[PDB]
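**Student:** What follows is a structure written as structure tokens; I'll ask about it next.
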Amino acid sequence: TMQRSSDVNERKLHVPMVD
Amino acid sequence: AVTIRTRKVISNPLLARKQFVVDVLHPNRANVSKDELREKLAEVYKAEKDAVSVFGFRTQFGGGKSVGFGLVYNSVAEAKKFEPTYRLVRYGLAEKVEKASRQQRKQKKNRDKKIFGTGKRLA
Amino acid sequence: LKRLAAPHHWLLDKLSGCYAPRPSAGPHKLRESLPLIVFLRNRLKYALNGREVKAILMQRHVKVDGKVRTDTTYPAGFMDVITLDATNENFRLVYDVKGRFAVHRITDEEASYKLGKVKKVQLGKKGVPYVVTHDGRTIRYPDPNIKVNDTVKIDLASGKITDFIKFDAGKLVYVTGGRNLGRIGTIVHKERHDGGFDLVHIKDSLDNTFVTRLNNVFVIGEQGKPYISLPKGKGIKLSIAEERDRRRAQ
Amino acid sequence: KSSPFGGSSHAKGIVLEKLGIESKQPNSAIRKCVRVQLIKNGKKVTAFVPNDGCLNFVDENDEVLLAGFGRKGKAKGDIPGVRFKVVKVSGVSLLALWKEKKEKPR
Amino acid sequence: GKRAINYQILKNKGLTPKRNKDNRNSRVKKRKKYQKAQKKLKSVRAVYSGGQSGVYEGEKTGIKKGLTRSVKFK
Amino acid sequence: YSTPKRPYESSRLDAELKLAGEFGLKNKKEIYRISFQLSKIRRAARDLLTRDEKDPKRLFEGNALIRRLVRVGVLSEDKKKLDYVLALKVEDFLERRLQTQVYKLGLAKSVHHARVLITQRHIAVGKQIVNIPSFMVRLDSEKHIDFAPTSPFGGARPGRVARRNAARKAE
Amino acid sequence: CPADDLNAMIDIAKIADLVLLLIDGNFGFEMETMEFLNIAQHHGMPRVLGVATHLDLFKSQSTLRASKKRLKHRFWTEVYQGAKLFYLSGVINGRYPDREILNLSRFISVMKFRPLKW
Amino acid sequence: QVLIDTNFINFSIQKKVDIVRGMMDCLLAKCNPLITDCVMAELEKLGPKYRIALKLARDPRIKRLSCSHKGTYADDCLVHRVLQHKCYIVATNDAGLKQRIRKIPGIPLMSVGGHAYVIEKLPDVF
RNA sequence: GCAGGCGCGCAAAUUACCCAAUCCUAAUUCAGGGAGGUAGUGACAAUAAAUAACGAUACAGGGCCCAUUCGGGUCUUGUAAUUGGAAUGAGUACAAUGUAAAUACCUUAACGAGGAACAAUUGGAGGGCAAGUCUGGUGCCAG
Ligand SMILES: [Zn+2]
């Protein structure tokens with residue numbers, strides 16, 4: 001499906017910082 | 001005072017063994033103490049507490065009556081022959097103990113598989 | 001190497017662990033033979049589990065039709081006898097009303113023979129004739145009046161034949177398979193096609209005929225003289241409603 | 001196409017700055033608003049945080065979670081345009097922060 | 001000298017409204033609101049009570065003339 | 001369990017309120033459980049009515065069904081026909097449960113006291129201690145209900161509070 | 001960390017990257033580790049690993065697992081949900097069970113740290 | 001006891017749902033359909049395009065009442081002899097009659113839809 | 001393959017026990033079997049129950065509830081933690097059964113309730129209050 005994926009791919013979104 | 005009864009007493013000379021379903025009625029006791037009830041069962045049968053063996057108990061809901069399965073037979077020597085080791089450990093007539101649970105003896109025999117040689121070692 | 005899609009006439013529950021006993025190679029097919037494990041554990045309950053079934057087989061104790069055969073998964077199936085010296089017993093194990101395997105309790109002089117439908121007959125080697133029946137008893141030297149789909153009375157002590165049985169109109173037959181499984185009687189008519197779908201047709205008290213393929217059925221005997229004492233008082237399974245009607249009558 | 005932002009029900013957004021700090025009237029719809037950077041599009045929209053008393057948890061670039069709003073009526077001070085409420089800040093639910101069960105880590 | 005955690009830090013149910021012992025037991029509130037709904041329709045209709053309890057010393061609550069509570073047929 | 005079609009009617013809400021109130025229930029799920037088995041029992045009872053009289057399917061399974069319902073007791077033996085199973089309703093089903101039945105039998109003085117002393121394992125049906133309200137006592141075992149042998153309302157030892165207070169009065 | 005001083009506890013919370021956190025399941029939580037948890041929460045959360053020692057509760061293993069599930073629930077509501085904690089048994093001859101110790105060392109071998117802005 | 005009216009019978013025929021077996025399959029109980037003779041007046045006055053509805057109203061299962069009111073306004077006769085008694089279940093399909101009925105408190109009413117009757121305000125429908 | 005993990009800086013069964021059962025394999029009753037079985041975790045579904053029950057007394061009646069329009073009906077209403085003994089299981093635990101051993105269930109000594117504090121949550125709907133704040137303007141208002 002797209003339903004169980006298009007909400008769980010926002011775990012890959014963050015604030016861009018450096019390490 | 002309890003009362004132990006037996007039922008469906010079927011003989012079995014294929015193991016020389018008389019098997020049945022035992023039901024105890026204890027009106028106020030908690031449970032019937034497997035050793036104590038098996039020695040009373042040997043008393044109401046011919047003999048040999050060590051050669052009677054009762055094993056399948058459960059106390060029914062609300063208390064009062066417990067039901068299990070019971071084996072009596074003669075001849076304690078073939079009681080050593082025809083009964084499993086855990087029950088012969090449960091009664092005090094046999095004992096078997098090992099140490100290495102699964103992984104320790106598993107790695108032990110894997111190490112022996114690795115070794116393949118007997119007791120020689122040099123420097 | 002596994003199981004649990006067992007033939008459901010083995011009285012096998014579903015919560016007895018996963019696997020069922022796989023029948024090893026032997027006389028019979030797997031679909032119509034029960035092993036000694038499913039016999040001695042959960043058919044007459046003389047044992048409890050496979051460890052003590054192995055005990056009462058390797059006690060030199062069981063004798064399937066004349067010999068010990070220490071093997072748990074031994075497919076002793078249809079028309080065999082299983083004698084046990086202790087418990088006095090001989091079990092000819094046959095079919096029944098519903099389809100499963102009915103035990104008997106057979107005395108010695110009926111327990112010193114079985115019988116067998118011939119599966120094929122040829123000439124083996126060195127001129128010698130050649131008979132094989134349903135359990136793999138490839139037996140030399142018959143009487144020469146051999147037909148196929150035919151019953152021979154195996155002596156079962158020494159493996160020869162003691163009596164011969166032909167097949168025609170007016171002599172008994174017993175079905176092993178189909179929807180009509182475990183049923184006797186032979187009196188309508190003897191119809192035969194070519195290419196199968198033929199049966200020695202079956203009587204009833206109300207002239208009810210059951211026609212199947214001829215590989216399943218085979219002769220027991222004749223009128224008044226069957227060669228096996230029959231299960232549950234000659235079970236023809238009239239009806240449950242007729243059973244309750246006879247209950248209301250008598 | 002199945003949602004106000006792509007197809008997702010929620011989207012992580014980076015808070016730019018608090019809209020309406022200098023509104024004098026407390027609990028006003030200008031006051032309870034905040035600029036937020038959609039990441040999966042990458043563009044700036046404006047969004048609500050309910051209870052301007054618990055506005056002060058979320059401050060600046062704290063990866064908040066952005067859900068729908070759903071006007072179930074016609075409130076007086078309610079401006080149109082916004083349909084995004086804030087449901088979490090930096091992982092933890094700011095509703096739970098408002099009823100002070102959990103804690104905001106940084 | 002061993003410290004602990006007290007009740008609010010243990011349970012973490014901080015900052016709730018005032019809840020109710022009535023709502024704690026999901027049967028009791030249906031017992032204790034059926035009791036009200038009994039006593040509510042003592043006012044709506046005049047439900048039967050058990051008949052003549054004592055000796056008949058009047059209906060104890062009044063009788064009015066210009067009022068008939070009987071449904072008419074169109 | 002089974003959920004209704006339109007559950008949020010005020011008529012159904014007053015229904016559940018009245019049934020739960022005067023029979024001492026704990027939520028609407030008890031009503032829905034026995035209403036579901038009532039619905040399946042008369043949906044299996046009506047198609048036997050729609051098929052022909054003296055069809056042996058109808059005859060045997062109708063006599064089976066009413067033999068079950070007489071023994072549970074929701075169908076009195078004066079009405080031994082299948083359309084009375086259609087005429088049956090759900091208050092007859094929750095009349096036969098053990099909580100309401102012991103309150104009708106006396107010894108409980110209120111329906112919720114009946115439920116709570118059932119749950120305190122005080123009541124045995126003949127031989128067996130039963131600690132559930134929704135039991136559906138059959139018509140034979142109606143007159144077997146009294147207090148358990150191992151209960152202070154029966155003939156056992158006095159309970160915890162009784163012997164504790166007797167010890168403190170011995171002090 | 002010397003456990004009697006916020007004077008140390010604050011700056012250790014500032015510098016640390018992993019903190020393994022030593023509850024005793026015989027006693028439940030304590031306000032010392034609650035204080036340290038809030039200090040780490042506000043100064044920026046390092047990666048936290050719970051470990052619960054002193055599992056000599058009783059023969060009542062039902063109490064043992066009930067206290068363990070209460071501890072893991074109070075831990076999950078207070079550091080991130082489903083965080084990892086390890087149940088250590090009693091000390092055996094100077095040190096802990098090497099099974100749980102080797103598993104713990106495995107997790108800190110694959111920890112994969114993260115940046116914080118301070 | 002199910003009161004019937006004209007548009008209910010017409011809609012039931014044009015949806016081909018039987019009356020008594022339709023009510024039994026909708027409600028899972030014995031239903032006694034009851035036609036007021038004032039509504040049979042309207043079902044006669046509809047004319048010869050509804051003779052099927054007429055000879056299906058004439059049915060010995062459908063036992064019929066007797067009215068006492070001048071004229072043949074079946075909707076007012078239905079709402080009157082319902083709110084006198086509150087023992088009947090109204091079968092209808094009129095929107096305004098449905099609104100009158102679901103305004104008065106707590107009688108059940110049913111209406112044909114799709115290919116079976118549906119029942120509105122009755123608790124023990126399952 | 002099993003266990004555990006990793007590949008994002010944002011995440012979820014244990015690197016547990018055992019051949020005791022069901023079977024399988026083998027020189028073969030035995031040995032082996034991460035096949036398989038047990039335990040732990042598991043708001044993934046399903047089934048059943050508790051989170052209290054019974055009284056007694058004192059008072060308040062300007063009292064309650066149902067009414068879209070001044071209508072109707074009722075101590076058989078509410079509060080007083082005023083107050084009393086009974087009953088119990090969550091939990092605890094001698095034990096015993098259970099099982100390969102153990103845990104779980106059932107059974108059970110002695111304990112274990114009053115705010116039964118042994119302290120049910122999630123929502124939703126509404127008010128009211130200041131020597132208080134802010135904004136508008138035909139005083140004293142409105143927002
Ligand atoms: Zn009329």
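Labels for the structure tokens follow display order: chains A, B, ..., residues from 1 in each chain, ligands from 1.
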For ligand 1, return the neighbouring residues as a ChimeraX atom specification (distance at most 12 Å; only C-alpha atoms (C1' of nucleotides) and all ligand atoms).
**Tutor:** /E:74 /H:3-5,34-42,64-82
**Student:** Within 8 Å of chain G, which residues of chain A show up when using only C-alpha atoms, listed as JSON, numbers by chain?
**Tutor:** {"A": [17, 18, 19]}
**Student:** Could those selected residues go to a file with N, CA and C atoms, as a PDB file, in the first residue's frame?
**Tutor:**
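What follows is the written file again32.pdb:
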ATOM      1  N   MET A  17      21.499  19.092  10.673  1.00  0.00           N
ATOM      2  CA  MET A  17      22.624  19.521  11.491  1.00  0.00           C
ATOM      3  C   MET A  17      23.862  18.754  11.047  1.00  0.00           C
ATOM      4  N   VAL A  18      25.000  19.057  11.665  1.00  0.00           N
ATOM      5  CA  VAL A  18      26.281  18.458  11.303  1.00  0.00           C
ATOM      6  C   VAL A  18      26.885  17.808  12.539  1.00  0.00           C
ATOM      7  N   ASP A  19      27.735  16.805  12.331  1.00  0.00           N
ATOM      8  CA  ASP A  19      28.219  15.963  13.425  1.00  0.00           C
ATOM      9  C   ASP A  19      29.734  16.005  13.583  1.00  0.00           C
TER      10      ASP A  19
END
**Student:** Sort by chain and increasing residue number a table of all residues of chain C within 10 Å of chain I, each with its closest pair of atoms and their distance in Å to one decimal, counting only C-alpha atoms (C1' of nucleotides), and write it as a Markdown table.
**Tutor:**
| residue | atom | partner | partner_atom | distance |
| --- | --- | --- | --- | --- |
| C:1 | CA | I:24 | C1' | 6.6 |
| C:2 | CA | I:24 | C1' | 7.6 |
| C:3 | CA | I:23 | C1' | 8.7 |
| C:4 | CA | I:22 | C1' | 10.0 |
| C:15 | CA | I:22 | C1' | 9.6 |
| C:16 | CA | I:22 | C1' | 6.4 |
| C:17 | CA | I:22 | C1' | 4.6 |
| C:18 | CA | I:22 | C1' | 5.9 |
| C:19 | CA | I:22 | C1' | 5.5 |
| C:20 | CA | I:23 | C1' | 6.6 |
| C:21 | CA | I:23 | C1' | 6.3 |
| C:22 | CA | I:23 | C1' | 8.2 |
| C:49 | CA | I:21 | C1' | 8.1 |
| C:50 | CA | I:22 | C1' | 8.9 |
| C:51 | CA | I:29 | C1' | 7.2 |
| C:52 | CA | I:29 | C1' | 8.4 |
| C:53 | CA | I:29 | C1' | 9.2 |
| C:54 | CA | I:29 | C1' | 5.8 |
| C:55 | CA | I:29 | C1' | 5.8 |
| C:56 | CA | I:29 | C1' | 9.2 |
| C:57 | CA | I:29 | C1' | 8.9 |
| C:58 | CA | I:29 | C1' | 6.8 |
| C:59 | CA | I:29 | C1' | 9.0 |
**Student:** Excluding residue 8 of chain A and its own-chain neighbours fewer than 2 positions away, which residues fall within 12 Å of it when counting only C-alpha atoms (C1' of nucleotides)? Please give them as a PyMOL selection string.
**Tutor:** (chain A and resi 1-6+10-13) or (chain D and resi 7-12) or (chain I and resi 10)
**Student:** Restrict the selected residues to C-alpha atoms (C1' of nucleotides) and save them as a PDB file, in the first residue's frame.
**Tutor:**
ATOM      1  CA  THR A   1       0.000   0.000   0.000  1.00  0.00           C
ATOM      2  CA  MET A   2       0.811   3.685   0.096  1.00  0.00           C
ATOM      3  CA  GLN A   3      -1.031   4.194   3.393  1.00  0.00           C
ATOM      4  CA  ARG A   4       1.445   2.363   5.651  1.00  0.00           C
ATOM      5  CA  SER A   5       4.397   3.966   3.831  1.00  0.00           C
ATOM      6  CA  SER A   6       3.577   7.639   3.193  1.00  0.00           C
ATOM      7  CA  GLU A  10       8.419  11.022   7.763  1.00  0.00           C
ATOM      8  CA  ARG A  11      10.654   9.279  10.270  1.00  0.00           C
ATOM      9  CA  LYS A  12      13.394  10.190   7.744  1.00  0.00           C
ATOM     10  CA  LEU A  13      12.648  13.917   8.228  1.00  0.00           C
TER      11      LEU A  13
ATOM     12  CA  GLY D   7      -0.852  12.105   0.968  1.00  0.00           C
ATOM     13  CA  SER D   8       0.418  11.935   4.520  1.00  0.00           C
ATOM     14  CA  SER D   9      -1.639  12.647   7.605  1.00  0.00           C
ATOM     15  CA  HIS D  10       1.330  14.223   9.403  1.00  0.00           C
ATOM     16  CA  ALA D  11       4.517  15.885   8.233  1.00  0.00           C
ATOM     17  CA  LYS D  12       7.576  17.002  10.135  1.00  0.00           C
TER      18      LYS D  12
ATOM     19  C1'   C I  10      14.155   9.604  16.192  1.00  0.00           C
TER      20        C I  10
END
**Student:** Could you work out how far atom CA of residue 7 of chain G lies from atom CA of residue 2 of chain E, giving the answer in Å with one decimal?
**Tutor:**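 Taking atom CA of residue 2 of chain E and atom CA of residue 7 of chain G, their separation equals 19.1 Å.
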**Student:** Identify every residue of chain C that has at least one atom within 7 Å of any atom of chain B, counting only C-alpha atoms, and report the result as a PyMOL selection string.
**Tutor:** chain C and resi 46+56+86-87
**Student:** Store the residues of this selection in a file with C-alpha atoms, as a PDB file, in the first residue's frame.
**Tutor:**
ATOM      1  CA  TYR C  46      -2.806 -49.877  26.260  1.00  0.00           C
ATOM      2  CA  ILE C  56       5.996 -52.812  24.435  1.00  0.00           C
ATOM      3  CA  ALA C  86      -0.681 -61.545  27.343  1.00  0.00           C
ATOM      4  CA  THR C  87      -4.217 -60.075  27.305  1.00  0.00           C
TER       5      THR C  87
END
**Student:** Using only C-alpha atoms (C1' of nucleotides), which chain E residues lie at most 9 Å away from chain I, written as a ChimeraX atom specification?
**Tutor:** /E:19,21,23-25,39-46,49,61
